[PDB]
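K.L.:
Sharing data_1.txt here; it has compact mmCIF, N, CA and C atoms.
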# COMPACT_ATOMS: atom_id res chain seq x y z
N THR A 1 -3.83 21.33 34.38
CA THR A 1 -3.00 22.49 34.12
C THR A 1 -2.15 22.26 32.87
N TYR A 2 -0.86 22.59 32.94
CA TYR A 2 0.03 22.48 31.80
C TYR A 2 1.19 21.55 32.12
N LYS A 3 1.93 21.22 31.06
CA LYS A 3 3.33 20.81 31.09
C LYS A 3 3.84 20.85 29.66
N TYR A 4 5.02 21.42 29.44
CA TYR A 4 5.59 21.54 28.11
C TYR A 4 6.73 20.54 27.96
N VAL A 5 6.42 19.36 27.45
CA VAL A 5 7.40 18.30 27.29
C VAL A 5 7.98 18.37 25.89
N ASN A 6 9.23 17.88 25.78
CA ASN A 6 10.06 17.97 24.57
C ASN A 6 10.22 19.41 24.09
N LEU A 7 10.34 20.33 25.04
CA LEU A 7 10.44 21.76 24.76
C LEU A 7 11.67 22.26 25.50
N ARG A 8 12.82 22.20 24.83
CA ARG A 8 14.09 22.57 25.44
C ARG A 8 15.07 22.97 24.35
N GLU A 9 15.53 24.22 24.39
CA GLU A 9 16.50 24.72 23.43
C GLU A 9 17.87 24.10 23.70
N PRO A 10 18.70 23.94 22.66
CA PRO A 10 20.01 23.31 22.85
C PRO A 10 20.99 24.20 23.60
N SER A 11 22.14 23.61 23.92
CA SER A 11 23.15 24.31 24.71
C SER A 11 23.89 25.35 23.88
N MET A 12 24.54 24.90 22.80
CA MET A 12 25.24 25.73 21.81
C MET A 12 26.36 26.55 22.47
N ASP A 13 27.39 25.83 22.90
CA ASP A 13 28.62 26.45 23.40
C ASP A 13 29.81 25.58 22.98
N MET A 14 30.96 25.82 23.61
CA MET A 14 32.18 25.13 23.21
C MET A 14 32.24 23.69 23.70
N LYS A 15 31.84 23.43 24.94
CA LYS A 15 32.15 22.15 25.55
C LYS A 15 31.00 21.16 25.39
N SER A 16 29.76 21.62 25.51
CA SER A 16 28.62 20.71 25.50
C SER A 16 28.35 20.09 24.13
N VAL A 17 28.91 20.65 23.05
CA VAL A 17 28.80 20.02 21.74
C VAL A 17 29.64 18.75 21.70
N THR A 18 30.73 18.71 22.47
CA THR A 18 31.56 17.51 22.54
C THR A 18 30.82 16.34 23.18
N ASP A 19 29.77 16.61 23.95
CA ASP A 19 28.89 15.54 24.40
C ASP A 19 27.94 15.11 23.29
N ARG A 20 27.60 16.01 22.38
CA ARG A 20 26.75 15.66 21.24
C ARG A 20 27.56 15.24 20.02
N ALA A 21 28.86 15.49 20.02
CA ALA A 21 29.72 15.01 18.95
C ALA A 21 30.27 13.62 19.22
N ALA A 22 30.61 13.30 20.46
CA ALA A 22 31.00 11.95 20.82
C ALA A 22 29.83 10.98 20.76
N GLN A 23 28.61 11.49 20.88
CA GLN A 23 27.42 10.66 20.78
C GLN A 23 27.26 10.08 19.38
N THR A 24 27.28 10.94 18.36
CA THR A 24 27.06 10.46 17.01
C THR A 24 28.27 9.72 16.47
N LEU A 25 29.47 10.23 16.74
CA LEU A 25 30.64 9.73 16.06
C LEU A 25 31.14 8.41 16.63
N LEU A 26 31.18 8.27 17.95
CA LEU A 26 31.74 7.07 18.55
C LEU A 26 30.70 6.19 19.24
N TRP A 27 29.43 6.59 19.23
CA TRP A 27 28.30 5.78 19.71
C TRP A 27 28.43 5.42 21.19
N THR A 28 28.59 6.45 22.02
CA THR A 28 28.40 6.25 23.44
C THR A 28 26.93 6.07 23.79
N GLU A 29 26.04 6.53 22.91
CA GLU A 29 24.64 6.16 22.90
C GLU A 29 24.52 4.79 22.23
N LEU A 30 23.36 4.14 22.43
CA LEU A 30 22.83 3.02 21.65
C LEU A 30 23.49 1.70 22.03
N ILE A 31 24.48 1.74 22.92
CA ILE A 31 25.15 0.55 23.42
C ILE A 31 25.16 0.53 24.94
N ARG A 32 25.59 1.63 25.56
CA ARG A 32 25.40 1.83 27.00
C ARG A 32 23.93 1.79 27.38
N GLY A 33 23.07 2.34 26.52
CA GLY A 33 21.64 2.27 26.74
C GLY A 33 21.00 0.98 26.26
N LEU A 34 21.09 0.71 24.96
CA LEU A 34 20.28 -0.33 24.35
C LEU A 34 20.99 -1.68 24.29
N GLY A 35 22.28 -1.71 24.57
CA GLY A 35 22.92 -3.00 24.67
C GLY A 35 22.95 -3.56 26.07
N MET A 36 22.46 -2.80 27.04
CA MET A 36 22.50 -3.22 28.43
C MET A 36 21.09 -3.49 28.92
N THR A 37 20.13 -2.81 28.30
CA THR A 37 18.74 -2.96 28.70
C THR A 37 18.14 -4.23 28.10
N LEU A 38 18.78 -4.77 27.07
CA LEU A 38 18.42 -6.08 26.56
C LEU A 38 19.00 -7.20 27.41
N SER A 39 20.15 -6.95 28.05
CA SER A 39 20.90 -7.98 28.76
C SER A 39 21.25 -7.52 30.17
N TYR A 40 20.41 -7.74 31.20
CA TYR A 40 18.96 -8.08 31.27
C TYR A 40 18.37 -9.32 30.58
N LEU A 41 19.13 -10.41 30.53
CA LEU A 41 18.63 -11.69 30.07
C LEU A 41 18.62 -12.73 31.18
N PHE A 42 19.28 -12.44 32.29
CA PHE A 42 19.56 -13.40 33.35
C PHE A 42 18.39 -13.61 34.29
N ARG A 43 17.28 -12.90 34.08
CA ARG A 43 16.10 -13.05 34.91
C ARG A 43 15.41 -14.37 34.61
N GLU A 44 14.59 -14.82 35.55
CA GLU A 44 13.98 -16.13 35.44
C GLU A 44 12.80 -16.08 34.48
N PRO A 45 12.68 -17.03 33.55
CA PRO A 45 11.55 -17.02 32.63
C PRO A 45 10.28 -17.45 33.33
N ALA A 46 9.29 -16.55 33.32
CA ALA A 46 8.04 -16.78 34.03
C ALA A 46 7.06 -17.43 33.05
N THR A 47 7.20 -18.74 32.87
CA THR A 47 6.39 -19.52 31.95
C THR A 47 5.69 -20.63 32.72
N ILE A 48 4.43 -20.86 32.39
CA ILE A 48 3.66 -21.93 33.03
C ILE A 48 3.71 -23.16 32.14
N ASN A 49 4.14 -24.28 32.69
CA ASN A 49 4.14 -25.54 31.95
C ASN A 49 2.72 -26.09 32.00
N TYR A 50 1.88 -25.63 31.06
CA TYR A 50 0.43 -25.80 31.07
C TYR A 50 -0.13 -27.21 31.30
N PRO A 51 0.37 -28.29 30.66
CA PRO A 51 -0.20 -29.61 30.99
C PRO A 51 0.15 -30.07 32.39
N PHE A 52 1.15 -29.47 33.02
CA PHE A 52 1.54 -29.83 34.37
C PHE A 52 1.20 -28.71 35.34
N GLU A 53 1.70 -27.51 35.08
CA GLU A 53 1.46 -26.35 35.92
C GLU A 53 0.19 -25.65 35.47
N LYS A 54 -0.48 -24.98 36.40
CA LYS A 54 -1.65 -24.18 36.07
C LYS A 54 -1.59 -22.85 36.81
N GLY A 55 -2.31 -21.87 36.28
CA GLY A 55 -2.25 -20.53 36.79
C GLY A 55 -3.28 -20.25 37.87
N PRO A 56 -3.35 -19.00 38.32
CA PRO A 56 -4.33 -18.65 39.35
C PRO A 56 -5.70 -18.36 38.77
N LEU A 57 -6.69 -18.34 39.65
CA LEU A 57 -8.07 -18.03 39.30
C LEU A 57 -8.66 -17.16 40.39
N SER A 58 -9.98 -17.10 40.41
CA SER A 58 -10.75 -16.39 41.42
C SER A 58 -11.91 -17.28 41.82
N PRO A 59 -12.45 -17.12 43.02
CA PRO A 59 -13.63 -17.90 43.39
C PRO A 59 -14.91 -17.53 42.65
N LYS B 1 -19.45 -4.77 57.75
CA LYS B 1 -18.44 -4.05 58.51
C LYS B 1 -17.04 -4.36 57.98
N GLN B 2 -16.93 -5.43 57.20
CA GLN B 2 -15.64 -5.91 56.72
C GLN B 2 -15.39 -5.29 55.35
N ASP B 3 -15.14 -3.99 55.34
CA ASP B 3 -14.78 -3.30 54.11
C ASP B 3 -13.29 -2.99 54.12
N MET B 4 -12.87 -2.35 53.05
CA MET B 4 -11.47 -2.22 52.68
C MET B 4 -10.58 -1.22 53.42
N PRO B 5 -10.89 0.08 53.45
CA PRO B 5 -9.83 1.12 53.34
C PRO B 5 -8.87 1.12 54.51
N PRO B 6 -7.60 0.84 54.25
CA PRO B 6 -6.65 0.62 55.34
C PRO B 6 -6.31 1.91 56.06
N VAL B 7 -5.78 1.76 57.27
CA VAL B 7 -5.44 2.92 58.08
C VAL B 7 -4.19 3.59 57.56
N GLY B 8 -3.13 2.83 57.32
CA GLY B 8 -1.89 3.43 56.88
C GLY B 8 -1.07 2.47 56.06
N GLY B 9 0.09 2.98 55.64
CA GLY B 9 1.04 2.24 54.83
C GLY B 9 0.90 2.66 53.39
N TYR B 10 1.72 3.62 52.97
CA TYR B 10 1.65 4.20 51.64
C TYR B 10 3.03 4.69 51.25
N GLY B 11 3.22 4.92 49.96
CA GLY B 11 4.48 5.36 49.43
C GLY B 11 4.46 6.84 49.15
N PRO B 12 4.17 7.22 47.90
CA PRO B 12 3.90 6.33 46.77
C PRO B 12 5.16 5.90 46.06
N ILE B 13 5.01 5.39 44.85
CA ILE B 13 6.12 5.32 43.92
C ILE B 13 6.20 6.66 43.21
N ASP B 14 7.33 6.91 42.58
CA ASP B 14 7.52 8.22 41.97
C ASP B 14 6.75 8.33 40.66
N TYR B 15 6.47 9.57 40.29
CA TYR B 15 6.19 9.94 38.92
C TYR B 15 7.44 10.49 38.24
N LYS B 16 8.60 10.36 38.89
CA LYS B 16 9.82 10.99 38.43
C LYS B 16 10.40 10.22 37.25
N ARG B 17 11.29 10.89 36.52
CA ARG B 17 11.82 10.37 35.26
C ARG B 17 13.26 10.84 35.14
N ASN B 18 14.20 10.01 35.60
CA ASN B 18 15.61 10.40 35.61
C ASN B 18 16.46 9.16 35.78
N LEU B 19 17.55 9.08 35.02
CA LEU B 19 18.61 8.09 35.20
C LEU B 19 19.89 8.60 34.57
N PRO B 20 20.40 9.75 35.00
CA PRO B 20 21.60 10.31 34.34
C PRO B 20 22.89 9.67 34.84
N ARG B 21 23.15 8.46 34.36
CA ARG B 21 24.32 7.70 34.75
C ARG B 21 25.42 7.89 33.72
N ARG B 22 25.93 9.11 33.62
CA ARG B 22 26.99 9.45 32.69
C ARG B 22 28.30 9.51 33.46
N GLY B 23 29.34 8.87 32.95
CA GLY B 23 29.32 8.18 31.67
C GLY B 23 30.52 8.57 30.83
N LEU B 24 31.42 9.32 31.46
CA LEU B 24 32.70 9.77 30.89
C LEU B 24 32.48 10.60 29.62
N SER B 25 31.84 11.75 29.81
CA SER B 25 31.53 12.65 28.72
C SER B 25 32.52 13.81 28.69
N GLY B 26 32.45 14.60 27.62
CA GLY B 26 33.12 15.88 27.57
C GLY B 26 34.63 15.86 27.51
N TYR B 27 35.19 15.46 26.37
CA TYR B 27 36.61 15.44 25.98
C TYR B 27 37.37 14.32 26.72
N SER B 28 36.77 13.65 27.70
CA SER B 28 37.34 12.40 28.18
C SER B 28 37.20 11.33 27.12
N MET B 29 36.08 11.32 26.41
CA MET B 29 36.03 10.60 25.15
C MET B 29 36.78 11.37 24.08
N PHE B 30 37.13 10.66 23.00
CA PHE B 30 38.12 10.93 21.96
C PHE B 30 39.55 10.87 22.48
N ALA B 31 39.76 10.68 23.77
CA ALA B 31 41.09 10.60 24.34
C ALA B 31 41.57 9.17 24.47
N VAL B 32 40.67 8.24 24.80
CA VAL B 32 41.03 6.83 24.80
C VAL B 32 41.03 6.29 23.38
N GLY B 33 40.38 7.00 22.45
CA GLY B 33 40.36 6.53 21.08
C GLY B 33 41.66 6.78 20.35
N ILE B 34 42.20 8.00 20.48
CA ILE B 34 43.38 8.39 19.72
C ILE B 34 44.62 7.67 20.24
N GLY B 35 44.81 7.62 21.56
CA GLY B 35 46.00 7.01 22.13
C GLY B 35 46.11 5.52 21.89
N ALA B 36 44.99 4.81 21.93
CA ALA B 36 45.02 3.38 21.63
C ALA B 36 45.18 3.14 20.13
N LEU B 37 44.74 4.09 19.31
CA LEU B 37 44.91 3.97 17.87
C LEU B 37 46.38 4.09 17.47
N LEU B 38 47.08 5.10 17.99
CA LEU B 38 48.51 5.21 17.74
C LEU B 38 49.31 4.11 18.43
N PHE B 39 48.77 3.53 19.50
CA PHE B 39 49.39 2.36 20.11
C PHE B 39 49.43 1.19 19.14
N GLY B 40 48.39 1.04 18.32
CA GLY B 40 48.41 0.02 17.29
C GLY B 40 49.41 0.34 16.19
N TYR B 41 49.53 1.62 15.84
CA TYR B 41 50.59 2.01 14.92
C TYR B 41 51.96 1.90 15.56
N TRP B 42 52.03 2.07 16.88
CA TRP B 42 53.30 1.86 17.57
C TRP B 42 53.67 0.39 17.59
N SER B 43 52.68 -0.50 17.55
CA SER B 43 52.96 -1.93 17.42
C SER B 43 53.53 -2.26 16.05
N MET B 44 53.18 -1.49 15.02
CA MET B 44 53.87 -1.55 13.75
C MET B 44 55.27 -0.94 13.89
N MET B 45 56.09 -1.16 12.85
CA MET B 45 57.49 -0.76 12.67
C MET B 45 58.42 -1.59 13.57
N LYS B 46 57.85 -2.37 14.49
CA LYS B 46 58.61 -3.37 15.22
C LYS B 46 58.27 -4.77 14.78
N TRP B 47 57.31 -4.92 13.87
CA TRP B 47 56.96 -6.20 13.30
C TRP B 47 57.13 -6.22 11.79
N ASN B 48 56.64 -5.19 11.10
CA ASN B 48 56.80 -5.13 9.65
C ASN B 48 58.25 -4.91 9.26
N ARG B 49 58.93 -4.00 9.94
CA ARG B 49 60.37 -3.84 9.76
C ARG B 49 61.12 -5.09 10.18
N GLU B 50 60.64 -5.76 11.23
CA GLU B 50 61.21 -7.03 11.64
C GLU B 50 60.97 -8.12 10.61
N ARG B 51 59.77 -8.16 10.02
CA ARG B 51 59.52 -9.12 8.96
C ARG B 51 60.25 -8.74 7.68
N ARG B 52 60.46 -7.44 7.45
CA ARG B 52 61.30 -6.99 6.35
C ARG B 52 62.73 -7.47 6.48
N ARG B 53 63.26 -7.51 7.70
CA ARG B 53 64.57 -8.09 7.98
C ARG B 53 64.60 -9.57 7.64
N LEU B 54 63.52 -10.28 7.95
CA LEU B 54 63.43 -11.69 7.57
C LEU B 54 63.15 -11.84 6.09
N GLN B 55 62.59 -10.81 5.46
CA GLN B 55 62.29 -10.89 4.04
C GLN B 55 63.56 -10.88 3.20
N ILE B 56 64.53 -10.05 3.59
CA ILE B 56 65.83 -10.08 2.92
C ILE B 56 66.56 -11.38 3.25
N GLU B 57 66.38 -11.89 4.47
CA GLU B 57 66.90 -13.19 4.85
C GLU B 57 66.33 -14.31 3.99
N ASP B 58 65.05 -14.21 3.64
CA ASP B 58 64.42 -15.22 2.80
C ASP B 58 64.97 -15.16 1.37
N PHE B 59 65.09 -13.95 0.82
CA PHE B 59 65.66 -13.79 -0.51
C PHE B 59 67.16 -14.06 -0.54
N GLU B 60 67.82 -14.01 0.62
CA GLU B 60 69.25 -14.29 0.70
C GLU B 60 69.58 -15.71 0.27
N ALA B 61 68.77 -16.68 0.71
CA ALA B 61 69.04 -18.08 0.39
C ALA B 61 68.84 -18.38 -1.09
N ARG B 62 67.97 -17.61 -1.75
CA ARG B 62 67.78 -17.78 -3.19
C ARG B 62 68.99 -17.31 -3.97
N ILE B 63 69.59 -16.19 -3.57
CA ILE B 63 70.68 -15.61 -4.34
C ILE B 63 72.01 -16.30 -4.06
N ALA B 64 72.19 -16.85 -2.86
CA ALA B 64 73.44 -17.50 -2.50
C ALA B 64 73.70 -18.76 -3.31
N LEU B 65 72.71 -19.62 -3.44
CA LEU B 65 72.76 -20.68 -4.42
C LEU B 65 72.24 -20.13 -5.75
N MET B 66 72.08 -21.03 -6.72
CA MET B 66 71.86 -20.79 -8.14
C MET B 66 73.05 -20.04 -8.77
N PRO B 67 74.29 -20.52 -8.59
CA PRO B 67 75.11 -20.81 -9.77
C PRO B 67 75.01 -22.29 -10.08
Write out the structure in this file as structure tokens.

P.N.:
Amino acid sequence: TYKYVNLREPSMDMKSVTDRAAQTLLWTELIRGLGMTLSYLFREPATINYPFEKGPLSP
Amino acid sequence: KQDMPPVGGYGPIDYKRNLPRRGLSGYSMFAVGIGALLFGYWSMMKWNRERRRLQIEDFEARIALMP
């Protein structure tokens, strides 16, 4: 069937521009999003120590 | 006879796409910016004027001697 993605007209009123004005000017974007999704560093590194450890196979 | 298809136990996982964790929007921002900015200016005039008081004190010792 259908789906129309990335197809949405803007708000264009008094208050909702302040959500798009604080975004560009003071960067509430790009740090709450992209500075937190990188860190996300505390997870365990899933590395195989190849001369000692070995991975799975199949019969 | 030992084939796969299980009787039950299913989800699924979503095809959904959403994480609107906002986030102090809509005039709540620009409010913590301005007040903390003038707070830094409020920290002035109690230090520069205070150092200005010591600045005349520093020049005082120069003028009192030197005859």

K.L.:
Listing only residues of chain A within 8 Å of chain B, what is the closest atom pair and its distance in Å (to one decimal) for each, using all atoms listed in the file, sorted by chain and residue number ascending, as CSV?

P.N.:
residue,atom,partner,partner_atom,distance
A:15,C,B:26,CA,6.1
A:16,CA,B:26,CA,6.9
A:17,C,B:26,CA,7.4
A:18,C,B:26,CA,5.0
A:19,CA,B:26,N,4.9
A:20,N,B:26,N,7.3
A:22,CA,B:30,N,6.6
A:26,CA,B:30,N,7.9

K.L.:
Measure the distance from CA of residue 51 in chain B to CA of residue 65 in chain B in Å and round it to one decimal.

P.N.:
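Value for the CA of residue 51 in chain B-CA of residue 65 in chain B distance: 22.1 Å.
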
K.L.:
Can you list, as a ChimeraX atom specification, all residues belonging to chain B that DSSP tags as helix (DSSP H, G or I)?

P.N.:
/B:31-43,48-64

K.L.:
Just how far from CA of residue 56 in chain A is CA of residue 44 in chain A, in Å to one decimal?

P.N.:
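Computing it gives 18.9 Å between the two atoms.
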
K.L.:
Just give me the gap between CA of residue 5 in chain B and atom N of residue 59 in chain A in Å, one decimal is fine.

P.N.:
21.1 Å
